[PDB]
């Protein structure tokens, strides 16, 4: 009993929106009996979250394509009163007809991935193009997002829970809101880009960017990370949890250290003139 899984590499999203345009292309003007009515303009079955970090000039930005998690322990199946069901292959689907007249369904979602269709008076959302996955004719054998990507962000697969579990540990795959225990089958690679923060700076020596300066990050006094500054005299420690840290710098025997507070924000220490 093989199940479907999807892996999204945040580090590779450029927000071109090929996914999103892919659903729309597949669902806005088409109706799929047994799966879903036509999509409503403005809905985001595929919601590409955008998050800028830091401040000019050492800022950055990352994106998190967010479809349906089709979680193994689905809350809306449990509280959907039969209007939502789970297939053997892991896909979680809304019954297009049983769901009509029930706006309450949207609230059974911790991820808020379902949208209310006015014309159809029903909740709608990600179906993982089950209609396409259930049809041999669809040669690609994968959803429209993944197929429309030109950035190699998506990894669609159908394997055993064991094989997926093995992949998760090798690649350090993560899920959104693990603490809720819904167990999403949509995993994220390099999720720290979107969920965590960093501290950066530019080291100068005698007015010029210094390369090879040794930088160390500490929390509680113990080294958390380290690196040497590049030719722009910069360093960047990402994947940091909120808290206080100390940055220590050694260049040409000249040392410098300062504290940094990470509070759901990334910090640019600016130019450090040594």
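Residue numbers count along the first chain shown, from 1.
Would 59 to 67 or 221 to 229 have the larger average of its C-alpha temperature factors, as given in the entry? Mean B over CA atoms: larger for 221 to 229.
On mean Cα temperature factor in this entry, is 164 to 172 or 127 to 135 the higher one? Comparing 164 to 172 with 127 to 135, the higher mean C-alpha B-factor belongs to 164 to 172.
Which of these has the highest Cα B-factor in the record: 101, 181, 150, 143? Comparing C-alpha B-factors across 101, 181, 150, 143, the maximum falls on 101.
Options 83, 199, 186, 92 - largest CA temperature factor per the record: Max CA B-factor in the entry, restricted to 83, 199, 186, 92: 83.
For residue 255, does the deposited CA B-factor place it in the lowest, middle or highest third of the chain? Highest third.
Among modelled residues of the same chain, the CA temperature factor third for residue 242: Residue 242: CA B-factor falls in the highest third of its chain.
Within this chain's modelled residues, let me know which third the CA B factor of residue 190 belongs to: lowest, middle or highest. Lowest third of the chain for residue 190's C-alpha B-factor.
Record-listed C-alpha B factor of residue 203: chain third: For residue 203, the deposited C-alpha B-factor lands in the middle third.
Pull the Cα B-factor of residue 1 out of the PDB entry and bin it into the chain's lowest, middle or highest third. Highest third of the chain for residue 1's C-alpha B-factor.
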